[PDB]
């Protein structure tokens, strides 16, 4: 369990910020709304790894939602081709993502899914797939991202440098794009060391979340309500 941990009680993360007034206050408040947490390795891939695991976990045993998700995943090679990715270069990553979706369907256990996400090779193939899909989705909708995010940004250069490469960290744009690309509704909780309210953002704005993540000291950890 070196990439995604076993489930722990929410208050177990007090030991990560010992004798810290503001972190202690915010973690106590968080414990009033959430029961449990999984920690992820801080290797620069933890947003993609956390969202991929938490969303597939939320599908286990749900036969309609699995069918619909599989239907969407089968179309994603068209998104990649439209953005100029070549099939022989994305094949290995697509195949690994499709395989873990079939595992959710066929096997249906938390244990089996957690083993795939802690297998360095399978887990990193999954993350690289999610990164290419994020890049395709932004590139195919460049005017949308320029209109609503930043009219001055260079979309192609941003995708080449800050989305595609392993270990590149995320901002709002990558989170919005991957949420939209896979139709995942997610809520991010923010815990920083400023004397401010514990607060959250939902992607997209009006939705009921499938997935809750905690963003703290640059990691995304997985929360359970």
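Positions refer to the first chain, counted from 1.
Novice: What stretch has the higher average Cα B-factor here, 146-154 or 120-128?
Specialist: Stretch with the greater average CA B-factor: 146-154.
Novice: Can you tell me which stretch has the higher mean Cα B-factor, 189-197 or 44-52?
Specialist: That would be 189-197.
Novice: For the C-alpha B-factor as written in the entry, point me to the maximum among 115, 106, 91, 139.
Specialist: Spelled out: the listed residue with the top C-alpha B-factor is 106.
Novice: Within this chain's modelled residues, let me know which third the CA B factor of residue 31 belongs to: lowest, middle or highest.
Specialist: Middle third, going by the recorded CA B-factors of the chain.
Novice: Please rank the C-alpha B-factors of the chain's modelled residues and tell me whether residue 3 sits in the lowest, middle or highest third.
Specialist: As the PDB entry reports it, the C-alpha B-factor of residue 3 lands in the middle third of its chain.
Novice: By the recorded C-alpha temperature factor, relative to the other modelled residues in its chain, which third is residue 166 in?
Specialist: For residue 166, the deposited C-alpha B-factor lands in the lowest third.
Novice: Lowest, middle or highest third: where is residue 178 by Cα B-factor in its chain?
Specialist: Ranked within chain, residue 178 CA B lands in the lowest tercile.
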